[PDB]
């Protein structure tokens, strides 16, 4: 019977994508480039700041100094951090608070397996700190998803092997990183995105202790 659950943050617990998007939007407009819409920002999901910034510059063919490039990246980051001050318990995805409580009361370990450098602050803002047994530091992790490194650390830090764990992810890269860590992925989203070898729920309200017990029994 699974001993831990390793939570993705963005797309499972909450939406950080929205704030990163407004942040890139504000910076693009601040400096006159158009065409940073939610469609275009599908290419700024996952990639680091350098890559994102290049793709926004590459839109108006703006040329910038190494000095200018560092500052713009920094004003995007200052933006992002200002905007996530708003985050409240109101921002938690359906079913998640009730899943965290059910897991805690069944003595199942709870770990965050997220690339957010803001994970600890976001879990405090949403008043979930008390549920989480460990937060994998993405700064202590050698490669991002689809490398399993983040899921292995999250497992190790609550004292379980990944093979004793379920991972919940929203992204195709995250599903891959769970599979390669040895954990059982349960997806949220569409099989068109995440694949049809793994069990997927349409939305997070379907992530129940009783559903996760059902899936563990049938692997």
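Positions refer to the first chain, counted from 1. Between two forms, the rigid core is the largest collection of C-alphas that superpose within 1.5 Å.
- In a rigid core superposition of the other structures in 6 other deposited structures of this protein, 20-28 and 205-213 differ in how far their CA atoms stray, and the farther one is 20-28.
- Farther on average from this form in 6 other deposited structures of this protein lies stretch 72-80, the comparison being between 120-128 and 72-80 by RMS Cα distance after core superposition.
- Comparing 136-144 with 110-118, the higher mean C-alpha B-factor in the PDB entry belongs to 136-144.
- Here the stretch with the larger average CA B-factor, out of 187-195 and 36-44, is 36-44.
- Note on 181, 65, 165, 171: the highest value goes to 65, judged by CA B factor as recorded.
- The deposited CA B-factor of residue 1 belongs to the middle third of values across its chain.
- Residue 177 sits in the middle third of its chain by CA B factor, as recorded in the PDB entry.
- For residue 149, the recorded CA temperature factor ranks within the middle third of the chain's modelled residues.
- The PDB entry assigns residue 160 a C-alpha temperature factor belonging to the lowest third of its chain's modelled residues.
- Placement of the Cα temperature factor of residue 203 within the chain: middle third of the modelled residues, per the deposited record.
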